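> Take a look and give me a structure for this.
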Amino acid sequence: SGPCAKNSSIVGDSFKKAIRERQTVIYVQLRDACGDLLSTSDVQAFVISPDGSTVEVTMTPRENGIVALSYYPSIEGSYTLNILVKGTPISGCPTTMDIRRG
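Numbering: from 1, shown residues only. Please see the structure below:
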């Protein structure tokens with residue numbers, strides 16, 4: 001039946017914090033309407049930097065409905081993340097990610 005936005009979510013809260021100029025990975029668990037894990041044309045993910053620019057997000061399909069989202073935050077500050085399943089934000093989206101120089 002494909003992924004269900006309300007049942008799909010980001011794995012953990014590690015995504016809330018990241019380091020500038022380091023390739024960063026966020027894991028998303030896709031679940032159908034029944035809550036079952038899948039098993040990706042229905043999934044969209046974008047990241048906006050603190051100056052309003054789009055950041056390229058790479059999505060790699062993994063086993064049993066996990067999708068790895070990778071991005072490279074070039075500047076410090078408050079990034080915006082949104083992940084849409086069939087045009088609907090998943091649970092917990094859109095959200096903030098704080099990138100530090102650390």
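> for this protein, longest strand please?
strand 77-85 (DSSP state E).
> and it, what other elements does it pack with?
strand 43-48, strand 95-100 (3 or more C-beta pairs under 8 Å, 6 or more residues apart in numbering; DSSP states H and E). C-betas here are computed from N, CA, C, even on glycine.
> out of those, deepest packed?
Mean neighbour count, computed with mean count of other C-beta atoms under 10 Å, is highest for strand 43-48 among these, reaching a mean of 18.
> angle of that strand against strand 95-100?
50 degrees (axes from the mean of the first three to the mean of the last three C-alpha atoms, to 10 degrees).
> what pairs with the very next helix or strand once past strand 43-48, and is each one parallel or antiparallel?
The helix or strand immediately downstream of strand 43-48 is strand 54-55, counting by DSSP states H and E. Using DSSP bridges, strand 54-55 pairs in its sheet with strand 43-48 (antiparallel).
> I figured residue 35 hits residue 7, correct?
Yes - Residue 35 is within contact range of residue 7, at 5.4 Å (criterion: C-beta atoms under 8 Å).
> now the helices and strands packed on strand 77-85 in a markdown table, with distance to residue 13?
As requested, the helices and strands packed on strand 77-85 are arranged in a markdown table below (distance: least, C-beta to C-beta, whole Å):
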| stretch | distance to residue 13 |
| --- | --- |
| strand 43-48 | 17 |
| strand 95-100 | 10 |
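> Between the ones you listed, which one is closest to residue 16.
strand 95-100 (6.0 Å; C-beta to C-beta).
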